[PDB]
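S.K.: When you number the sequence shown by the authors' numbering, it's gap-free, plus one each residue, and the end is 328.
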Amino acid sequence: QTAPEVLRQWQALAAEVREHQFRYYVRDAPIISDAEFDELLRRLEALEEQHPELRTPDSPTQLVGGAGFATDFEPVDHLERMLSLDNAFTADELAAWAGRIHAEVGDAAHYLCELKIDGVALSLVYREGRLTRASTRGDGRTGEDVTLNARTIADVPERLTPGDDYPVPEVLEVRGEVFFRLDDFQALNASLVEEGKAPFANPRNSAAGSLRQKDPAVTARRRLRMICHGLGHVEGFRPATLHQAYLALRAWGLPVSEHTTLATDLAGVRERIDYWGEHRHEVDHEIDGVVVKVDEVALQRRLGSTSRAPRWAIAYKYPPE
Ligand SMILES: Nc1ncnc2c1ncn2[C@@H]1O[C@H](COP(=O)(O)O)[C@@H](O)[C@H]1O
Ligand SMILES: NC(=O)c1ccc[n+]([C@@H]2O[C@H](COP(=O)(O)O)[C@@H](O)[C@H]2O)c1
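1) Nearest to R182 by CA position, among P206, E293 and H85, is which residue?
2) DSSP on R315, reduced to helix/strand/coil?
3) In the DSSP output, what is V83 paired with across the bridge?
4) My understanding is that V297 touches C120, with C-beta atoms under 8 angstroms, so please give their C-beta distance in whole angstroms.
5) Using 8 angstroms as the Cβ pair cut-off and three pairs as the minimum, do the segment 255 to 274 and the segment 170 to 180 touch?
6) Got a sec? Which residues, its chain only, sit under 6 angstroms from residue 3 by beta carbon, not counting five neighbours each side?
7) Could you have a look at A128 and say whether DSSP puts it in helix, strand or coil?
8) Helix, strand or coil for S142 per DSSP?
9) From the DSSP output, read off the bridge partner residues of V301.
10) Tell me, which residues are paired with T267 by DSSP?
11) Measure the C-alpha to C-alpha separation of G72 and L167 and round it to an integer number of angstroms.
12) Among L138, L47 and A205, whose alpha-carbon lies nearest the alpha-carbon of residue 6?
13) Count the other C-beta atoms from every protein chain shown that fall within 10 angstroms of the C-beta of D99, then say buried if there are 16 or more, exposed otherwise.
14) Give me whichever residues DSSP pairs with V178 in a beta bridge.
15) May I have the straight-line CA-CA distance separating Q220 from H240, to the nearest angstrom?
16) Could you tell me whether any non-hydrogen atom of ligand 2 is closer than 7 angstroms to the CB of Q28?
17) Which term fits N209, buried or exposed, when burial requires 16 or more other beta carbons within 10 angstroms of its beta carbon?
18) For the alpha helix (DSSP H) containing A215, name the first residue and the last one.
19) Determine the direct distance from the alpha carbon of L238 to that of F29, and round the result to whole angstroms.
20) Can you tell me which of the three DSSP states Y32 falls into?
21) With DSSP run on the structure shown, which of helix, strand or coil describes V185?
22) Just list the residues that DSSP pairs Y323 with in beta bridges.
23) So, for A224: in the same chain, excluding its five sequence neighbours on each side, which residues have a beta-carbon less than 6 angstroms away from its beta-carbon?
24) What residue does the alpha helix (DSSP H) around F44 start on, and which one ends it?
25) Please classify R107: does DSSP put it in a helix, a strand, or coil?
26) So what's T9 in DSSP terms, helix, strand or just coil?
27) Taking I321 as the reference, which of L92, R315 and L256 has the closest Cα?
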């Protein structure tokens, strides 16, 4: 075989082997038989026999038994800045935001209403349909690399599902929230106490702590969930509206909430706020408000963002008990 083909074959076989090492050792959830894996590793070691320049301390052949999977939280840039949200706590504040929106873009704006989860923000990047990076918010330009931890989350697919309706983008940065269900928060605290560790005081702290683990195998043992609620940088995907982008996220296998609705104007927004004020306790994870977003992407650009926040979105937060 020629040297280009040698380097091609090595990279592909090293990556396939490393992925199964991760799934077996960190996730404890292999997806091929031990017999299959053993053939893979033999072929890889054979190929490194011929070409010993390919054998590095970094090779999966040198990182056997689960070695070499540690998270170090190194800073990593978001592709597009990941801002926080301005908040509204009163009917008046929300109407004021609604008025400013109308005065700038008129009735052409409609309002996506989503449930606000009290969890830990996570930004995922997929390149050519494969997960390459996951990071915390950090300061909005730069977050901490927790890629390996996120790869253990059951709701986070490693690969996006192709479909002719919605082609897999070349690059997709998708934002979302990690959290625990209430029943799993309690069960994890019981487990922790049984081992002599302190329980967590709330499910948010518990999710953050469970995600931010130097050894991702700890994260893999915990029932972290995720729900996508936003788009950063995308290439090869130009959705006209946020609600239509959720259709593509679903088609690709990414988790989305079933409690999002599309409203026409402020009266429709107020009804969803009133409704979830009465029923949010029925959701099996923590909801602390309702995020109202202008749905039309073109109008999102026109209205822009400030240094710290989008002008086309507001979080209505409920008063704490
Ligand atoms: N459904 C959602 N849509 C957008 N952002 C959300 C959502 N849920 C949580 N967040 C993030 O949660 C933060 C809201 O701040 P907080 O008042 O502390 O709830 C925002 O900065 C968001 O980026
Ligand atoms: N099924 C898999 O994906 C997978 C991956 C990595 C290691 N393994 C198994 O782990 C073990 C390697 O450890 P020993 O070869 O030291 O037993 C073998 O059983 C190997 O097959 C399995």
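Quick reminder that beta carbons are idealized off the backbone N, C-alpha and C, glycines included.
M.R.: Reading from the atomic positions:
1) Nearest option by C-alpha distance: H85.
2) When secondary structure is reduced to three states using DSSP, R315 falls in the coil class, being assigned neither helix nor strand.
3) Paired residues: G150.
4) Taking 8 angstroms as the upper bound for CB-CB distance, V297 and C120 are in contact here, some 6 angstroms apart.
5) Segments in contact, yes.
6) Outside the shown range of the chain, which is 8 to 328, sits residue 3, and nothing can be said about it.
7) DSSP, read as helix, strand or coil, puts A128 in strand.
8) In the three-state scheme derived from DSSP, where H, G and I count as helix and E and B as strand, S142 is classed as strand.
9) Checking the DSSP bridge columns, you'll see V301 partnered with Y118.
10) According to DSSP, residue pairing for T267 in a beta bridge does not occur.
11) A straight line joining the alpha-carbon of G72 with that of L167 spans about 28 angstroms.
12) No answer is possible for residue 6: the residues shown for the chain start at 8 and end at 328.
13) Under this definition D99 is an exposed residue.
14) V178 is bridged to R134 and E242.
15) Separation of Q220 and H240 (C-alpha to C-alpha, rounded to the nearest whole angstrom) is 27 angstroms.
16) Within 7 angstroms of the C-beta of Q28 there is at least one heavy atom belonging to ligand 2.
17) Exposed is the call here.
18) Per DSSP, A215 belongs to the alpha helix (DSSP H) from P210 to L218.
19) The alpha-carbon of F29 is positioned some 28 angstroms away from that of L238.
20) In this structure, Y32 counts as helix in the three-state DSSP scheme.
21) In the structure shown, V185 sits in a strand (DSSP, three-state: E or B).
22) Paired residues: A95 and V297.
23) Excluding positions up to five away in sequence, the list reads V33.
24) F44 -> alpha helix (DSSP H) spans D41 to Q57.
25) DSSP places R107 in helix when its eight states are reduced to three.
26) Of the three classes helix, strand and coil, the one that applies to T9 here is coil, per DSSP.
27) Ranking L92, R315 and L256 by Cα distance to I321 puts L92 first.
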